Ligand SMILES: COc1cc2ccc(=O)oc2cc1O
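Take a look at this one chain, the form solved without the ligand, written out in structure tokens.
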């Protein structure tokens, strides 16, 4: 009777489900909320079998999408594909919710599912969107419908940056992928998402007031912005996975010998991979740095580990570093006391796993909103150092990579950057703890749900 039913909808891919699984976990930590996760999938193996609880409090339901292969081609952007899939899946999602015996009191969609909006309206459910990256990139998405109408040619071409009312100016090189090419599908789909945000009952952003106090304030009170929005923002971050016991973590038992904060963690996760030329440079610059590291490798994309590395790389670096194939327990490593640095694509979940541990960063942006994330982490916050030219524009050579490592790990500049990471970690802990802003922002989102019911 008293307890709420919240349904969170995840677009496909572990990279999208885990944040949604993290968000439901927080809602249910402090507020008597049954979480159902509608998990939009696409097709793979005999994994067509498409933590479901003893008390039925956190259930994952697979929602199998309909096949979009006939609406795409080999040159379609992954933003556009994601949007065409959710668009096409809409009836099956209409069907899932309609046949749920306990219908949800509130529906939260992730950022790639805002087209579910009519379904929530038809069924009369409170609607919300989960923006899982900066409030900055959120304010860009919303305002882009104004930049659309007042800029004539490409954005990538501009001489001066982009004035988001209230907010840091966005230098054209640092723009999100949908905005690289105005002729593309994804550009016109991005401008739409921006106008879809405002139709929800509120927006949740995985950030916290201290980290983005101007942006969040702009969102709430700017003259020019509040024309576009008219709904509240709930900064509830930084949300991310707790540390897990695992079975024989080869990397963790390595790190137990090393000295405190003396290892550089290098991983792009699943986000991405490097080309062969950029891979072998990173191999040298790590080798050259005379610096202890753990490196997660994905065979390269030019458009047995030894093969795609400099010859006898591992044989040489045997004493110094640790090379790891495919994947690692990233939250767990970043939580090791003996880790001091992190070269990362700046995916906002990886960033937040690093910050909440006071690990500073080498910002290596790759796609999506990562450039704009790597801009905040260096200019705005000073918790990271990026390469002089975004590694998407020009190769980053081993000499620069070498000095990057040495600065971060060895010098007093590195110690100050890490000092900033440890302060950010602290103000995140405050924001999450009882009475914090993110804590109260959640208790304020609950208040909104219980009000419309």
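We call the rigid core the largest set of C-alpha positions that still match within 1.5 Å between the two forms. Numbering follows the first chain given and starts at 1.
The discussion below concerns the form solved in complex with the ligand, not included here.
- [ ] Sort through 143, 130, 155, 79 and report the residue having a heavy atom within 4.5 Å of the ligand in the entry with it bound.
- [x] Going through each option in turn, the one that passes is 79.
Task: Single option in 264, 120, 274, 111 placed near the ligand in the entry with it bound, where near means a heavy atom within 4.5 Å - done: Looking at the other structure, the residue within range turns out to be 111.
Task: Contact stretch among 316-324, 200-208, 216-224, 367-375 - heavy atom within 4.5 Å of the ligand in the entry with it bound - done: Within 4.5 Å of the partner lies stretch 367-375.
TODO: Flag residue 268 as yes or no: does it have a non-hydrogen atom within 4.5 angstroms of any non-hydrogen atom of the ligand in the entry with it bound?
DONE: No.
Open item on the list: Just checking whether residue 293 would be counted as a contact of the ligand in the entry with it bound - the rule being heavy atoms within 4.5 angstroms.
Closed with: Contact with the ligand, no.
- [ ] Decide whether residue 190 counts as a contact residue for the ligand in the entry with it bound under a heavy atom distance cut-off of 4.5 Å.
- [x] Looking in the entry with it bound, residue contacts with the ligand include residue 190, since a heavy atom lies within 4.5 Å.
Task: 4.5 angstroms heavy atom contact with the ligand in the entry with it bound for residue 177 - done: Contact check for residue 177: yes, within 4.5 Å of the ligand in the entry with it bound.
Open item on the list: Aligning on the core only, does the CA of residue 411 end up 2 angstroms or more away between this form and the one not shown?
Closed with: The answer is no, as the C-alpha of residue 411 shifts between this form and the one not shown by less than 2 Å after core alignment.
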